[PDB]
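Throughout, a chain's letter reflects where its sequence line sits, starting with A, and its residues are numbered from 1. For ligands, and for the atoms within them, numbers begin at 1 and follow the listed sequence. Every heavy atom of this structure was used, including side-chain atoms; hydrogens, water molecules and symmetry mates were not.
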Amino acid sequence: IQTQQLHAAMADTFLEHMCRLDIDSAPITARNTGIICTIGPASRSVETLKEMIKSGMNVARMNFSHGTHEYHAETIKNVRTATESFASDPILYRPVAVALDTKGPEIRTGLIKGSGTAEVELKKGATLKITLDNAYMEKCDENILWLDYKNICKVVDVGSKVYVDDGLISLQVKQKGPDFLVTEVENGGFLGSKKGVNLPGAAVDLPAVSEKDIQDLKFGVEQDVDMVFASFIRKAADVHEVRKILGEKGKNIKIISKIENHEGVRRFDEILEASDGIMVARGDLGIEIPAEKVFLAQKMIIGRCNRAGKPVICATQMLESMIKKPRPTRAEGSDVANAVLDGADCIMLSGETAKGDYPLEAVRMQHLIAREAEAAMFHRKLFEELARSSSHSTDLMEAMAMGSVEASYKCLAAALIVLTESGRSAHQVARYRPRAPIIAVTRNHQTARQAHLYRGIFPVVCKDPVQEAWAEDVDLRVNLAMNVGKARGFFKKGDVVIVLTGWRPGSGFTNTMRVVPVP
Amino acid sequence: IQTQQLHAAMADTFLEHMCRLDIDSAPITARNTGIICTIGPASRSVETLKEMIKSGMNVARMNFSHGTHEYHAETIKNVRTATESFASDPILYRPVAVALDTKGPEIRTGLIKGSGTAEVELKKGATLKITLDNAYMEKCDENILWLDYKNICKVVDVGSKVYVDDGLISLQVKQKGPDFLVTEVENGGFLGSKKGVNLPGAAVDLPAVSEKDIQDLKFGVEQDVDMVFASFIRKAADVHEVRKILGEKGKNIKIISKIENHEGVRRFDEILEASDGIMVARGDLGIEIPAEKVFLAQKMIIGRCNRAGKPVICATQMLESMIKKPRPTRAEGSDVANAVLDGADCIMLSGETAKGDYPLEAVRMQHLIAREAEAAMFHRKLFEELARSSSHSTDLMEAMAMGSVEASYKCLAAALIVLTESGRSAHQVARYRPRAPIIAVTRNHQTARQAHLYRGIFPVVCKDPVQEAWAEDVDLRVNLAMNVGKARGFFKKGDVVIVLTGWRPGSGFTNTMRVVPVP
Amino acid sequence: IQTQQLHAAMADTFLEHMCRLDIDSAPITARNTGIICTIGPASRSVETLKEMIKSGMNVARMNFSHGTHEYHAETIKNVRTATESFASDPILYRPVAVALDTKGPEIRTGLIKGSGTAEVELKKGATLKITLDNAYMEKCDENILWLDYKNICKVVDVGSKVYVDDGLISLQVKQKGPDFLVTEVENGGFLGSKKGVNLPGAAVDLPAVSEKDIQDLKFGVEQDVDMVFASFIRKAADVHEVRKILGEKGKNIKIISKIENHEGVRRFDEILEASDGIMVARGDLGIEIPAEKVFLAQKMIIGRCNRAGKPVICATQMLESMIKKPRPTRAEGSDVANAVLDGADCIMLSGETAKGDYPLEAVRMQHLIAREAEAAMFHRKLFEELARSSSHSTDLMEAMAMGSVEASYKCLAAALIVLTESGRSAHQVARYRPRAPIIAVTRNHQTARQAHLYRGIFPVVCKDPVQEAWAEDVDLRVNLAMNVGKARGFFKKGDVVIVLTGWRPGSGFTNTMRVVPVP
Ligand SMILES: Nc1ncnc2c1ncn2[C@@H]1O[C@H](COP(=O)(O)OP(=O)(O)OP(=O)(O)O)[C@@H](O)[C@H]1O
Ligand SMILES: Nc1ncnc2c1ncn2[C@@H]1O[C@H](COP(=O)(O)OP(=O)(O)OP(=O)(O)O)[C@@H](O)[C@H]1O
Ligand SMILES: O=C([O-])C(=O)[O-]
Ligand SMILES: O=C([O-])C(=O)[O-]
Ligand SMILES: O=C([O-])C(=O)[O-]
Ligand SMILES: [Mg+2]
Ligand SMILES: [Mg+2]
Ligand SMILES: [Mg+2]
Ligand SMILES: [Mg+2]
Ligand SMILES: [Mg+2]
Ligand code: NA
Ligand code: NA
Ligand code: NA
């Protein structure tokens, strides 16, 4: 009984590949797919944060949607505190990224009967008037609804729908004025105060960044985050807007755009080009677009990013059930796996870690599935498809990347060691999707932490100073990776590994590739 | 914007195929995936049952693990009643299949406070006693739980873990008694009636066919079911025995082996060979085996049945969130869409329709996701991969099927019309997976009911009496199909369609293929 | 029992396909690739004609660059004589096409000693005078060499090179005047009559359609030729021009454009688009362009026509040897084979039949090699690729063809019988390259003759009156095929066949496909 789906790995067709999957075919210890965990009341503590890390947490996500700078900073604190607890063991030390998730643009209704707690009941088939007249900003009721978005009538059309409260309530536009909309309740319910609005199929003129947004980003810069997850991206311009706010001080910050609506989907191509990475924000996306289309968009986005060699994140409701239970649903297990099969660089946990009763279990779970799904990929076919995709480019690093992955397959390397500072070298490899783990040694901590954004990248921070001999310095770094994979159980002495390095100190890339034996 | 993902249909590569999936690409009216609904308390009603038919249900599932024969015979009548209510119009009548789900070698709980619909809430950390004392078999509660399995004590040990209800609840043995076990709730949860008990890693020697199984099966024959879903099939032998119990009288009833344990996976090959079809039974499966391995088994199984040309069903917890909510989760929408992509012939609903709060929704949602996933298939690679797999075969009807599918792809016909009595011809078409709808006109009722097990087959009962001239008869049936297609919105006058008929009466199969325009 | 490379037909890769070709794997009786024979002095005879047809000859080419209208008219005569000589038994009657090969924009020497059958030896180093002196026109010889081109002196420099007879002889201009050219013979060789002059890389302003061309054209129209090999076609305009001269009376004469220069190649596409088919005239072509590049043209050109669905011919020096030897060279046998594998619908013989010592042997040799090569094709992949190409198209007859061919493979049918009058349904099928024979039954003689242009089509001429009853009439025709197939030894009883017919009369195409057993 081969391991890691090697038997199916040898299939000629996709169909054969499937038919060959084996539950008895064990997968390697190394889990390539990054796990992004939203931190919160459930996970905030150091102790817990220690467990989250132990459990497989790679990225700590800061949902700026709620809480104060003072709160988040405290979370970041703890995170940093928890991470460092292992530093004492440079070998057993594991980098953990910090991400900032923007509240983003928002539409909100007014107060019901001047009360924040009151409710009304909209009944299907009834008429309801939307006004922009702040005269009613606190006089919302069964007949009149006031909202935050002054330009609404400009972007919505008669016959269009207005969704209130996470799509709970649906409204159909029957009449449009410059100051109001006359709608018809399709999907009734109780209406509370200050509920969210969604304008499915609308090309919303809200700014790329709210005022709050600007503030958080600056904050994130001051906090030294590793990336930013930018809510509500609808076009390249919006990405540019964010870039602009982070500016020169935060030019090294990774901007991940969140695809959450039709527009975003339709203008994905430009958005992708302008971004550093993508996040398939299923939550809103599923609210914005028909829930039955989400998958299409998910696979489209994943394929496109894989094609472009840009990091992609699958997020939202992956293990939903797990907020309350220690074991997920079958669909849940399915979802995580397909996600990984799709080509997703990272997978995410929101509610599950933030507030749920089983944060660690969610993490462990994700870890478990990802590993299995990872072996189950059809690498040969994939590499081949990818290569074709990129045929247009004759880049050297890529060539190095292609050659090295091909070799890792050929001799079934146990790992791929890449020495990089910027991490470009390592990114080039990950994109070609080896099956083996990519152990990347860098002296740049931020590069290290950011690596997580990429599939198969296992960052190892070199905390030593530079030697007078390049050669030696390189050898050392290599050895480091060697003690790690060993310490991690990725391999043992005798195993073979692909080693990538820069010929000289001003090489520019890992131009030197070598097949080597573990000590 | 092209329809039915036809742009992505032109993809050369799988990677490319994925990249071109467009949410703005609208599916067709026809939904190829059969929808199987478990009928129960929530769905038993004739009014309701009428609703579900309209919403899309193709097969009525009755679980003999719950209720009674009479409970079941009543439901069966209601389905039949509901169904025939449409028999009137020979163009809007939807054949609806009936299926019996066996108990098999399983361990089951008692009744909760004397009810088959009542439940109780367990509390993490609480103690719970399992009793064999038949005195409580109807008095199960939060303090005491009665089991089916009298030997339970010999096959368990202190510290052993007992799972209840597809792993929902985890009990850990604390105390062994001669008549009982004092357990501990390891996790909070709602305990319902007659729930499965799973003892992973325990010697449970139950027979493939129990005396009770004998009665249900015979009852199913008397009930004139169309197929049996055979729980916990473990070897071809089990299957043979079932066929044996159904004997001559129920020789035409379809046997669907349910895969839900290690053994069933392991001996899958021998199981498929002997069955009429398979079910991926995820509920039990995922608790028997590692939850993380499910998708593997799921995928292996579906490739295998696809390869084999035998009907496969994906089931359980597919729209799980919908038992309580009116919208499914993101993992849920994915699951369903991936099962279709995986190649499942039918998908299924359990608690969702049997006892949930939103039975019709659950249905329409499956329906929605299904048409979408359908269009998203990569038919060209698929077909190619299928052809290949059945290379060794040289069958005449296979030949007719492949040429039929092939040309349908080519001229993009609106459907394939197939004249069949055994349903053999149609099935052979469905295995080659065309995009278009297969409309199978038959005078044989069971065939028509039975057809739903096969992808894309929309069965049409020709009620007209056999014409004395082959030609007119054939023509007669074609018109019937032509009319249903038009009525059902499958196509319009001018559309092009592929027609499979016999040259002569008693030709044996559809050896006649023509491309015909709609009238 | 190995036959028709069926084992190789099952390879997954092009490599494995190769690796599996078995010499011991016997080919079927049916030779797919048409054999075109250049009818000359050596094959004019009725008695010789009889044996060649017998030998596998499907088409006769009458080269206008040689002879007089009268010599060619007799040849036709004899051709048709030896042909209908077989009209006795319509089961074994084999049609033969009559092809007019044009002069074109060419330079041609004159009569060697008023002969034309006369030859002359030229020694290396010797001297030869090119003259425009008509009084030598028919008096060429070792000393004196007359030519077609009165401007040649303007188009050539001293030191330059003059090619005679497809580059057979290299003449270097030593000195030139107004009237003549003074050259020294660069390589020895037999200089014959009405030879070809190639002034490679020289601005010849020849006209696309000589008045003589015109003359001949009109002549062949009266001759009732089925096709035309238009020599030296350089651009679509030339085609239209030939098309032009063919005018109405010959709106059905197939125009086969010959690519024998750098321009023809370069303007291939529009040429192709305008012409009914193409010939790869390597004799002239190989001297017009570097000898080392012809195979690139051949492959590009054969590939393109395949793609287009237009008949292509491989022509010139295939079995050169054989003009003097009874057995061809290794290189020549590879050539015919490779040409067949390339995709050529037809193959040609030139000197081999027209003047060679072993006309009959050469023919049979083509027959022999073709068969063997037809089997060696990788039908699987080829069909997929062919479809990849035709993918934009949704033509109905095309869908028929494809499904038909697809079926043919599946059930290893012994043949496909097509009933056609225009012949298109048959070409449509031919183009999809089935391994099996196409028995194309028609009541159109010209159709039957022209069918030889397309690969695998075996033309059968139905001589019987029309049936009042379509069915009978169709049947009959089908019967015809059956008998002929039987008589030809294509199949026996119980063999499977694919039947292509039209549902009704004037169906515009075969819309009805049926799988049948031989009677
Ligand atoms: N006929 C019925 N009467 C009462 N409750 C039912 C009935 N059918 C289903 N249910 C309820 O719905 C739940 C899920 O239905 P399902 O048919 O999938 O049962 P199950 O317990 O999961 O076992 P299986 O493994 O056999 O499917 C059952 O556990 C039971 O609580
Ligand atoms: N009608 C003919 N009469 C006599 N000899 C002929 C005749 N046709 C062909 N031949 C001889 O056969 C040789 C090869 O025949 P072919 O038809 O290929 O002519 P060619 O000169 O090579 O012209 P092309 O380029 O057109 O093929 C001719 O060059 C000629 O010597
Ligand atoms: O913002 C998100 O993550 C979402 O909507 O899923
Ligand atoms: O029995 C079933 O359907 C299951 O367990 O999924
Ligand atoms: O005419 C030809 O065949 C040639 O020139 O090769
Ligand atoms: Mg969001
Ligand atoms: Mg169940
Ligand atoms: Mg079960
Ligand atoms: Mg020529
Ligand atoms: Mg020649
Ligand atoms: Na956020
Ligand atoms: Na059951
Ligand atoms: Na010529």
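More than 12 non-hydrogen atoms from other residues, nucleotides or ligands lie less than 6.0 angstrom from NZ of C/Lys218.
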Output, in order, the C-alpha distance, side-chain angles, deciding distance and verdict of side-chain contact (heavy atoms from CB on, under 4.5 Å) for C/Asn261 and C/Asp284.
-> CA-CA 7 Å; C/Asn261 58 231; C/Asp284 290 307; over 6 Å; no
Steps toward salt bridge (charged side-chain N to carboxylate O under 4.0 Å, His left out) verdict (A/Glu74, A/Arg44) | CA-CA 9 Å; A/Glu74 168 163 45; A/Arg44 284 181 102 244; 3.6 Å; yes
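Rounding to the nearest 0.5 Å places CG of C/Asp216 at 12.0 Å from CD1 of C/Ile245. Atom CZ of C/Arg234 sits about 14.0 Å away from atom NE2 of C/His262, to the nearest 0.5 Å. The distance from the CZ atom of A/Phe229 to the CE atom of A/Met62 is 10.5 Å, given to the nearest 0.5 Å. To the nearest 0.5 angstrom, C/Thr316 atom OG1 is 9.5 Å from C/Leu349 atom CG.
Residue C/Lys194 places every heavy atom at 4.0 Å or more from ligand 2. For C/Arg108, the closest heavy-atom approach to ligand 2 falls below 4.0 Å.
Ligand-side atoms of ligand 2 in range of C/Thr38: 17 (O), range being under 4.0 angstrom from any heavy atom. Counting the atoms of ligand 2 from 1 in the order shown, those under 4.0 Å from a heavy atom of C/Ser350 are 18 (O). Atoms of ligand 2 lying under 4.0 Å from at least one heavy atom of C/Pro41, given by number and element, are 2 (C), 3 (N), 4 (C), 5 (N), 6 (C), 7 (C). Within ligand 2, the atoms closer than 4.0 Å to a non-hydrogen atom of C/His72 are 1 (N), numbered from 1 in the order shown. Less than 4.0 angstrom separates some heavy atom of C/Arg61 from each of these atoms of ligand 2: 17 (O), 18 (O), 24 (P), 26 (O), 27 (O). Distances below 4.0 Å separate heavy atoms of C/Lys355 from the following atoms of ligand 2: 12 (O), 13 (C).
At distances below 3.5 Å, at least one donor-acceptor pair connects side-chain atoms of C/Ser231 with backbone N or O atoms of C/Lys103.
The shortest N or O to N or O distance between C/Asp284 and ligand 2 is below 3.5 Å. Remark: ligand 2 and C/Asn63 share an N or O pair separated by less than 3.5 Å (distance only, no angle test).
Of the listed residues (C/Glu106, C/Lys194, C/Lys195), just one forms a side-chain hydrogen bond (donor to acceptor under 3.5 Å, both in side chains) with C/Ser65, and that residue is C/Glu106.
Side chains of A/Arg282 and A/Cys314 form a contact here, defined as non-hydrogen atoms less than 4.5 Å apart. The closest side-chain heavy-atom distance from A/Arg61 to A/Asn63 is below 4.5 Å.
Taking the Mg ion (ligand 9) as reference, the nearest N/O/S atom within C/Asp284 carries the name OD2. Per residue A/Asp101, closest N, O or S atom to the Na ion (ligand 11): atom name OD1.
For C/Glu260, the nearest N, O or S atom to the Mg ion (ligand 9) falls under 2.8 Å. For the Na ion (ligand 11), the N/O/S atoms of A/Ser231 include none lying under 3.0 Å.
Regarding atom 15 (O) of ligand 2, its nearest protein heavy-atom neighbour is C/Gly351 N, 4.2 Å. Taking atom 31 (O) of ligand 2 as the reference point, the nearest protein heavy-atom neighbour is C/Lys195 NZ, 3.0 Å.
The residue among C/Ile287, C/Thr109, C/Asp166 with a heavy atom at the shortest distance from atom 22 (O) of ligand 2 is C/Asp166. Around atom 10 (N) of ligand 2, the closest heavy atom drawn from C/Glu119, C/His66, C/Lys103 belongs to C/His66.
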